[PDB]
Each structure stands twice: as C-alpha cells, then as structure tokens.
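Heads up: the structure comes next, in structure tokens.
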There are 2 protein chains.
Amino acid sequence: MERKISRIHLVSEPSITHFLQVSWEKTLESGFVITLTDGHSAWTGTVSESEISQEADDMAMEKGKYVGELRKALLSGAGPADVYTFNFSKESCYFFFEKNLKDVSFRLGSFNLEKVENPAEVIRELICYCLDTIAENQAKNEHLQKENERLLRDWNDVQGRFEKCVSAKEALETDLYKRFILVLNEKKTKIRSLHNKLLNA
Amino acid sequence: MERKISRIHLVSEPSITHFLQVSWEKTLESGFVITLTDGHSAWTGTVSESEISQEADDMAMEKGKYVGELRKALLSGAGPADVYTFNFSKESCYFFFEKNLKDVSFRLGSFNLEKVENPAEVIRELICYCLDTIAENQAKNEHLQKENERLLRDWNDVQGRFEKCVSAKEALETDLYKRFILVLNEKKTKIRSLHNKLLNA
C-alpha cells in the first residue's frame, strides 16, 4: 500500500498551490485512487484497473508508455525538459492533465472527481502520515549514521595495522641485509688477504 | 528559526487529533508562536519572554526547569513516566495544559489564542514545510547510504590486500636466507679452491 503526495499549481489560480495524492496497492497498472485538496476543500476519484485499459485505448498509445507517463507526471518524476499542465474545473468536476512541448500540448489524461463529505479527515490523515514519515526517516538516519561511524573506525584501524605491517617488513629486511653484508665483507677481507699476500709470498 | 509539529488529543473532544506547531526564533526562553489546527479552523497565539518569566515566578520554581517542562510538554519530548492533558475552549478561545499525576493535576500553562481569518493558508504552509522536510531528509539518507556502501567496499578491498601483504611477509625471510646461503657457499668454494691449490703448490 503505497501513497505519494505532490504539490501542483492549477492553471485557474496560479497563486495558491493545490496538493495531489495518489494511493495504489502495488502498481499504477492496477489502478489507484486520487485525492485533490486545497486545505479547505477536497475531491476524490478512482482509476481502477478496468478503466486504465479503456483510457489507454482512447489515448491510442502504448499501454506501458501511458502508465510510464502517468507515473512520471503524477509522482513528481518530471524531468527538467518535460513540463505538464493540470486543469481542474469544479463547476463540472473534471481534472485533466496534458504535456506541453514545443509550444504545442498533447492530451495525456482526464478524470472525474466527486467532492468528499468532510475535508478534515483527509487533511488529518495526510499530515498524520507525513509526521510518521518524518519520524521513520529520522530513525533511519540515526541508524545509518551509527553504521557510518562504525565503518570509519574500522577503516582507520585497518590503515593503522597495514602501516604497522609495512614498518615490520622494512625493519626485518634492512636488519637481515646489514647483518649479512657484515659477514660477506669479513669473508671478502680474508679471501683478498689470502689471494694477495699468500700468492705474493 | 525552529519549528516543531506535534499531535495532541483535546479532552473536550477526545475523538479527533489536533495538531499544534511551536515556532521559536532561537530558543524557547525568548518566546514562541503556537498554531493549533484541527483541519478546518486554526487558532494562533504568541508567547513572549515577559509572560514566560512571569509564569515562572508565579510557578515558584526556577526558569530553567520551567522551560524544560514546557519543552517536554509542547515539543513532544515527553518520556515514559509523564502524562499531559490539554484543554481548549473555543467560545472563549482559551488553551491550557496540565500534568496529571496520580489524580493530582498541575496547571502548567494557560495561553490565549485568536482565531485566524484564513485557515487554508496556514494549513497549506504547514503541509508544505513538512513536505520540504521529507524531501530534504531523503537526500541525506541516500547520500549516507552511498557513502557507507563505498566505505564498505574500500574496507573489504584493503583487508583483502592486507592478507596478501602479510602472507608475503611470512616468506621474505626464507627468500632472503636462500640467496644469502647460496652466495656464501659460492664464495666458500672459491676460498677453498684458493687455499687447496696454494697448499698443494
């Protein structure tokens, strides 16, 4: 059960910002429920899976493409180069969204919404889910920060151990090599002494 | 500028949730603004430093503890062993919160609120602020997730290379000893040949 909420500016009244919520069970392809709120009034509607197919047929485009366009539009997944226009009429109770591009607009979809009995419950539920989401995000952030501290400490310890290994390696190698050049030099001394003096005499 | 939204259950109507937001410039001592809304109408009031100080003096107790209790009550900071009761009267527009304690109630605070002339603006602003909060916290969470994944990968790689470093260190000593022995026997045969030939001659 996934719900998303977004902010949209209606064409009729640019100053105020309406708020649009979509709730779906598992996917938009299976239909969903739409509620539009203004902070003092609200409307609701459904796009049940049965309708979706007929809506796609009317649009005359790929069904997957239509569901993708709806997903990118309603869920504020719009790209920088994509602009969408939503027009809602309360006298006739319609709400249609289109995409504007190259100064020409192509119809995307249209739904009908019936005014709800009491906006208070809708607003209360919206902001309740909001507050719960704040709390959940804060808890997740705290846990992630704790894990981050753990990982940073572990990395620092690993670096220290690796440096210690380097120090041990260098010390051992240099000690052994010096200790052996001593002995080789001693033998070189004796062999030179022999080959020179004992051959001259 | 700091803000905090909380859910409360008024004793006058213990069936619906009312949402109270406290907004204070820097700290609760200077003052704050209380906005209490139930989804249809909102009441806004202000508390300045002078009234908090006067109530603390009337409270017969230190200012710091009074502000601590105020924060614990209004800012949702209540722990397990504490219960608070909020009473709101609309006819007189009078708010006051108390602390229940084994059938003993303390009148912690009594505020006066004035009904706003436009609840839609305030409700929209509240939900807008919360939506911005979620949008900003999601970015932090995803960035922290990315950083933690990167750190885990790097830590795994460094430890894996440390295994090989240590393993090679455990064999360098034999690697050195082999070569040292070999050179020693070679020059030992040299000196032996020299001595044997001279003694024979």
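Chain labels follow the order of the structure tokens: the first chain is A, the next B, and so on; residue numbering restarts at 1 in every chain, and ligands are counted from 1 in their shown order.
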
Within 7 Å of chain B, which residues of chain A are there when counting only C-alpha atoms? Please give them as an mmCIF file with N, CA and C atoms, in the first residue's frame.
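Output contents, as saved in result.cif:
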data_model
loop_
_atom_site.group_PDB
_atom_site.id
_atom_site.type_symbol
_atom_site.label_atom_id
_atom_site.label_comp_id
_atom_site.auth_asym_id
_atom_site.auth_seq_id
_atom_site.Cartn_x
_atom_site.Cartn_y
_atom_site.Cartn_z
ATOM 1 N N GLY A 39 -6.567 22.499 1.210
ATOM 2 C CA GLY A 39 -6.503 22.957 2.579
ATOM 3 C C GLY A 39 -7.843 23.315 3.180
ATOM 4 N N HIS A 40 -8.877 23.483 2.356
ATOM 5 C CA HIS A 40 -10.228 23.734 2.834
ATOM 6 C C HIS A 40 -11.290 22.928 2.102
ATOM 7 N N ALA A 120 -11.783 17.514 6.536
ATOM 8 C CA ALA A 120 -10.976 17.473 7.750
ATOM 9 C C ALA A 120 -10.281 16.128 7.908
ATOM 10 N N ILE A 123 -7.353 15.819 5.383
ATOM 11 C CA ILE A 123 -6.184 16.609 5.760
ATOM 12 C C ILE A 123 -5.483 15.979 6.958
ATOM 13 N N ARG A 124 -6.261 15.539 7.951
ATOM 14 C CA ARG A 124 -5.673 14.941 9.144
ATOM 15 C C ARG A 124 -4.883 13.689 8.795
ATOM 16 N N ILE A 127 -1.540 14.658 6.991
ATOM 17 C CA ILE A 127 -0.464 15.197 7.816
ATOM 18 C C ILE A 127 -0.034 14.187 8.879
ATOM 19 N N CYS A 130 2.349 12.089 7.032
ATOM 20 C CA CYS A 130 3.522 12.950 6.951
ATOM 21 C C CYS A 130 4.383 12.865 8.208
ATOM 22 N N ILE A 134 8.231 11.522 8.821
ATOM 23 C CA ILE A 134 9.343 12.271 9.414
ATOM 24 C C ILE A 134 10.038 11.413 10.462
ATOM 25 N N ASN A 137 12.047 8.502 8.929
ATOM 26 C CA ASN A 137 13.264 8.963 8.274
ATOM 27 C C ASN A 137 14.324 9.351 9.296
ATOM 28 N N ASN A 141 17.973 7.647 9.586
ATOM 29 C CA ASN A 141 19.178 8.464 9.512
ATOM 30 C C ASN A 141 20.089 8.210 10.703
ATOM 31 N N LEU A 144 21.803 4.850 10.204
ATOM 32 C CA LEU A 144 22.814 4.948 9.156
ATOM 33 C C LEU A 144 24.047 5.698 9.648
ATOM 34 N N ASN A 148 27.837 4.403 9.801
ATOM 35 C CA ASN A 148 28.919 5.184 9.210
ATOM 36 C C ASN A 148 30.083 5.332 10.179
ATOM 37 N N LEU A 151 31.977 2.055 10.379
ATOM 38 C CA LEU A 151 32.805 1.790 9.207
ATOM 39 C C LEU A 151 34.044 2.677 9.189
ATOM 40 N N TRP A 155 37.895 1.325 9.195
ATOM 41 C CA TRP A 155 38.847 1.679 8.147
ATOM 42 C C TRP A 155 40.115 2.286 8.738
ATOM 43 N N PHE A 162 47.911 -1.904 8.681
ATOM 44 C CA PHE A 162 48.652 -2.033 7.430
ATOM 45 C C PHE A 162 49.976 -1.270 7.499
ATOM 46 N N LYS A 169 58.031 -5.069 8.009
ATOM 47 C CA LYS A 169 58.704 -5.605 6.830
ATOM 48 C C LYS A 169 60.019 -4.879 6.573
ATOM 49 N N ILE A 191 89.544 -13.557 1.985
ATOM 50 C CA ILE A 191 89.893 -14.107 0.677
ATOM 51 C C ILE A 191 90.850 -13.175 -0.052
#

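Between chain B and its sequence-identical counterpart chain A, the C-alpha RMSD after optimal superposition is 3.9 Å.
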
Give the strand (DSSP E) residues of chain B, as DSSP finds them on the backbone, and put them as a tab-separated table (two decimals) with N, CA and C atoms, in the first residue's frame.
chain	number	residue	atom	x	y	z
B	2	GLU	N	13.26	27.89	14.36
B	2	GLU	CA	13.00	26.48	14.61
B	2	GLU	C	11.50	26.25	14.77
B	3	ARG	N	11.04	25.11	14.28
B	3	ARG	CA	9.63	24.75	14.28
B	3	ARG	C	9.48	23.30	14.70
B	4	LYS	N	8.35	22.99	15.33
B	4	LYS	CA	8.07	21.63	15.78
B	4	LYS	C	6.57	21.39	15.76
B	5	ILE	N	6.15	20.34	15.04
B	5	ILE	CA	4.74	19.98	14.93
B	5	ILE	C	4.48	18.76	15.81
B	6	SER	N	3.37	18.78	16.54
B	6	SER	CA	3.00	17.70	17.44
B	6	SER	C	1.52	17.38	17.32
B	7	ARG	N	1.18	16.13	17.63
B	7	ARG	CA	-0.20	15.67	17.67
B	7	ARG	C	-0.67	15.59	19.12
B	8	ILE	N	-1.91	16.01	19.36
B	8	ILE	CA	-2.48	16.03	20.70
B	8	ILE	C	-3.95	15.63	20.62
B	18	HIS	N	-5.69	16.89	17.14
B	18	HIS	CA	-5.40	18.28	16.81
B	18	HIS	C	-3.89	18.47	16.76
B	19	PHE	N	-3.43	19.30	15.83
B	19	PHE	CA	-2.01	19.43	15.53
B	19	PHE	C	-1.55	20.82	15.94
B	20	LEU	N	-0.54	20.87	16.81
B	20	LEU	CA	-0.03	22.12	17.36
B	20	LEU	C	1.42	22.28	16.92
B	21	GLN	N	1.73	23.43	16.33
B	21	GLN	CA	3.08	23.75	15.90
B	21	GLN	C	3.62	24.90	16.74
B	22	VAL	N	4.83	24.70	17.27
B	22	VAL	CA	5.55	25.69	18.06
B	22	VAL	C	6.70	26.21	17.21
B	23	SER	N	6.78	27.53	17.07
B	23	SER	CA	7.83	28.17	16.28
B	23	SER	C	8.55	29.19	17.15
B	24	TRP	N	9.86	29.00	17.32
B	24	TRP	CA	10.67	29.90	18.14
B	24	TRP	C	11.92	30.33	17.38
B	31	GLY	N	10.73	33.28	23.47
B	31	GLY	CA	9.32	33.24	23.15
B	31	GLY	C	9.07	32.31	21.97
B	32	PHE	N	7.79	32.17	21.64
B	32	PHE	CA	7.39	31.31	20.54
B	32	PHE	C	5.99	31.69	20.08
B	33	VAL	N	5.58	31.05	18.99
B	33	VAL	CA	4.25	31.18	18.41
B	33	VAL	C	3.63	29.80	18.35
B	34	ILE	N	2.39	29.69	18.83
B	34	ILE	CA	1.65	28.43	18.90
B	34	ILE	C	0.52	28.51	17.89
B	35	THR	N	0.48	27.56	16.96
B	35	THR	CA	-0.60	27.47	15.99
B	35	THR	C	-1.24	26.09	16.10
B	36	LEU	N	-2.52	26.06	16.47
B	36	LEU	CA	-3.23	24.82	16.76
B	36	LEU	C	-4.38	24.68	15.77
B	37	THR	N	-4.37	23.61	14.99
B	37	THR	CA	-5.35	23.41	13.93
B	37	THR	C	-5.90	21.99	13.97
B	42	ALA	N	-7.99	27.09	12.43
B	42	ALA	CA	-6.73	27.18	13.16
B	42	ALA	C	-6.74	28.40	14.07
B	43	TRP	N	-6.17	28.24	15.26
B	43	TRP	CA	-6.04	29.31	16.24
B	43	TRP	C	-4.57	29.59	16.47
B	44	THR	N	-4.19	30.86	16.41
B	44	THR	CA	-2.79	31.27	16.52
B	44	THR	C	-2.62	32.21	17.71
B	45	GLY	N	-1.56	31.99	18.47
B	45	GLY	CA	-1.23	32.84	19.60
B	45	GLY	C	0.27	32.97	19.73
B	46	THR	N	0.68	33.94	20.54
B	46	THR	CA	2.09	34.23	20.75
B	46	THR	C	2.39	34.31	22.24
B	47	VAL	N	3.57	33.83	22.62
B	47	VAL	CA	4.08	33.97	23.97
B	47	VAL	C	5.46	34.61	23.88
B	48	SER	N	5.65	35.71	24.60
B	48	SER	CA	6.92	36.42	24.64
B	48	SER	C	7.67	36.08	25.93
B	83	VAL	N	2.38	12.26	31.99
B	83	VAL	CA	1.13	12.38	31.24
B	83	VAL	C	0.69	13.84	31.27
B	84	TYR	N	0.31	14.36	30.11
B	84	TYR	CA	-0.13	15.74	29.98
B	84	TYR	C	-1.53	15.79	29.39
B	85	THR	N	-2.31	16.77	29.85
B	85	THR	CA	-3.69	16.96	29.41
B	85	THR	C	-3.85	18.38	28.89
B	86	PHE	N	-4.38	18.50	27.68
B	86	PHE	CA	-4.60	19.79	27.03
B	86	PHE	C	-6.10	20.07	26.98
B	87	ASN	N	-6.49	21.27	27.39
B	87	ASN	CA	-7.88	21.70	27.38
B	87	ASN	C	-7.99	22.97	26.54
B	88	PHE	N	-8.93	22.97	25.59
B	88	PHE	CA	-9.15	24.11	24.71
B	88	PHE	C	-10.63	24.44	24.68
B	89	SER	N	-10.95	25.71	24.91
B	89	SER	CA	-12.31	26.22	24.81
B	89	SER	C	-12.39	27.19	23.65
B	94	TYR	N	-9.55	29.82	24.77
B	94	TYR	CA	-8.62	29.70	25.90
B	94	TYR	C	-8.01	28.31	25.88
B	95	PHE	N	-6.68	28.24	25.92
B	95	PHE	CA	-5.96	26.98	25.90
B	95	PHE	C	-5.23	26.84	27.23
B	96	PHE	N	-5.08	25.62	27.72
B	96	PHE	CA	-4.23	25.41	28.88
B	96	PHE	C	-3.89	23.94	29.03
B	97	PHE	N	-2.64	23.67	29.40
B	97	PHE	CA	-2.13	22.32	29.54
B	97	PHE	C	-1.63	22.08	30.96
B	98	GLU	N	-1.94	20.89	31.47
B	98	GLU	CA	-1.64	20.48	32.83
B	98	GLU	C	-0.96	19.11	32.80
B	99	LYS	N	-0.44	18.71	33.96
B	99	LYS	CA	0.29	17.44	34.11
B	99	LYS	C	-0.46	16.58	35.11
B	100	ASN	N	-1.09	15.51	34.63
B	100	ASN	CA	-1.76	14.57	35.52
B	100	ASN	C	-0.73	13.76	36.29
B	105	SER	N	-3.48	17.12	39.48
B	105	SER	CA	-3.21	17.87	38.26
B	105	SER	C	-2.53	19.19	38.59
B	106	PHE	N	-1.47	19.49	37.85
B	106	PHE	CA	-0.75	20.76	37.94
B	106	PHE	C	-1.11	21.59	36.71
B	107	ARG	N	-1.48	22.85	36.92
B	107	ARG	CA	-1.77	23.74	35.80
B	107	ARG	C	-0.45	24.32	35.32
B	108	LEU	N	0.14	23.67	34.31
B	108	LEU	CA	1.45	24.10	33.82
B	108	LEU	C	1.36	25.41	33.05
B	109	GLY	N	0.40	25.53	32.14
B	109	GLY	CA	0.33	26.72	31.33
B	109	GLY	C	-1.07	27.04	30.87
B	110	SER	N	-1.30	28.34	30.64
B	110	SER	CA	-2.58	28.85	30.17
B	110	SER	C	-2.33	29.96	29.17
B	111	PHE	N	-2.68	29.69	27.91
B	111	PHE	CA	-2.45	30.60	26.79
B	111	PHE	C	-3.79	31.07	26.24
B	112	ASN	N	-3.74	32.19	25.52
B	112	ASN	CA	-4.90	32.74	24.82
B	112	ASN	C	-4.61	32.75	23.33
B	114	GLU	N	-6.17	33.38	19.23
B	114	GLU	CA	-7.10	34.16	18.42
B	114	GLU	C	-7.31	33.47	17.09
B	115	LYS	N	-8.58	33.24	16.74
B	115	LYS	CA	-8.90	32.53	15.51
B	115	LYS	C	-8.38	33.29	14.29

**Item:** Secondary structure check, helix (DSSP H, G or I) residues of chain B, as a PyMOL selection string
**Value:** chain B and resi 49-59+63-74+119-200

**Request:** Quick one: pull the distance between CA of residue 71 in chain B and CA of residue 13 in chain B, Å, one decimal.
**Result:**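 Answer for the CA of residue 71 in chain B to CA of residue 13 in chain B separation: 23.9 Å.
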